[PDB]
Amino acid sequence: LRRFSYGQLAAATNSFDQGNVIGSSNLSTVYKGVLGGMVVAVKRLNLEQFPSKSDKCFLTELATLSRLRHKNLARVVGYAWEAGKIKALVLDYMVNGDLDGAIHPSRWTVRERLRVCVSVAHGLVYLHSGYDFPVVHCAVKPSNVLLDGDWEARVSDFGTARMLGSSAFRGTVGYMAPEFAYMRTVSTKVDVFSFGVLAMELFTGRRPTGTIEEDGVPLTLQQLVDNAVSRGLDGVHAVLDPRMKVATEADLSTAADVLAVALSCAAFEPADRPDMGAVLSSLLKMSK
């Protein structure tokens, strides 16, 4: 874990040039950087506008990601830490962006989307049981999945991780387990729920914002998928991402099987959700 100064990260990012910005939120701006010639992502927290939340997310991500290692996780190269001036994570640069941009001839066939599901599941199995304590990510969603130069997926953004020991919901809320959204209850099952929602979005092309129907009742993405799956393969076909090639019986059948796993992941009661190892097992069986 290398420590960097402001001047080093300024030089690496061409004085934090607007043209080097590869990601953005209220809390951080992510820049492409080049250090000996190593290409990196510089995630710079918004100290000036949100000092307290910046500090919490910075410390959480640094403490968590510095102790973890797995091929389907983002990798921390180092950090800068100068109170009032800069707090930043230096991460391995993922040249193919994030899954949200990938979703929203196309390479994203059914088999390739299933491969991403398997890669993310490996990352989450590692988080939940590969380290000395369970780590709950708490913000699993496509914009927190990065893509390699080999298009290998990696779980990123540990600013909300916990170590144990029109639309109905907009923004982030649609990915959140009800007990986490309403009560801030944290268990590995909240990642399982978010994984299910992610798979649903990956295969339908739909953000989990849901819709409020004319009688005022919300139709969640889970309920939409549940209705489609219950109507068989033709029901599933009607709900799949229209930009995705679905021509063979095998591709439709695989998509149907992912959505059925995704529905178990996104069950309302945490105790009815599988653990990620069981999820991974189902996805590995479908991969053969």
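From 1 onward, residues are counted along the sequence shown.
**Student:** What size is the break between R111 and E112 in terms of deposited sequence residues left without coordinates: none, 1 to 3, 4 to 9, or 10 or more?
**Tutor:** Missing residues, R111 to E112: none.
**Student:** Between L35 and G36, how many residues of the deposited sequence have no coordinates in this entry: none, 1 to 3, 4 to 9, or 10 or more?
**Tutor:** Gap between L35 and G36: 4 to 9 residues without coordinates.
**Student:** Which is higher in the entry, the mean Cα B factor of 227-235 or that of 250-258?
**Tutor:** Taking the mean B-factor of the alpha carbons in each, 227-235 is higher.
**Student:** Give the stretch, out of 116-124 and 91-99, with the larger mean C-alpha temperature factor in the deposited entry.
**Tutor:** Higher mean C-alpha B-factor in the PDB entry: 91-99.
**Student:** Choose from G174, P142, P105, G159 the residue with the greatest Cα B-factor as stated in the PDB record.
**Tutor:** Highest C-alpha B-factor among the listed options: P105.
**Student:** For the listed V155, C138, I212, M200, which has the peak Cα B-factor recorded in the PDB entry?
**Tutor:** By C-alpha B-factor in the record, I212 ranks first.
**Student:** Among the modelled residues of this chain, does the Cα B factor of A10 put it in the lowest, middle or highest third?
**Tutor:** Middle third, going by the recorded CA B-factors of the chain.
**Student:** Sort the modelled residues of this chain by their C-alpha B factor and say whether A267 lands in the lowest, middle or highest third.
**Tutor:** According to the entry, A267 has a C-alpha B-factor in the chain's middle third.
**Student:** Please place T204 in the lowest, middle or highest third of its chain by C-alpha B factor as given in the entry.
**Tutor:** For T204, whose C-alpha B-factor we compare with every modelled residue in the chain, the answer is the lowest third.
**Student:** Would you mind ranking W81 by its C-alpha B-factor against the rest of the chain and naming the third, lowest, middle or highest?
**Tutor:** It belongs to the middle third of the chain when residues are ordered by C-alpha B-factor.
**Student:** According to the PDB entry, is the CA B factor of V217 in the bottom, middle or top third of its chain, that is, lowest, middle or highest?
**Tutor:** As the PDB entry reports it, the C-alpha B-factor of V217 lands in the highest third of its chain.
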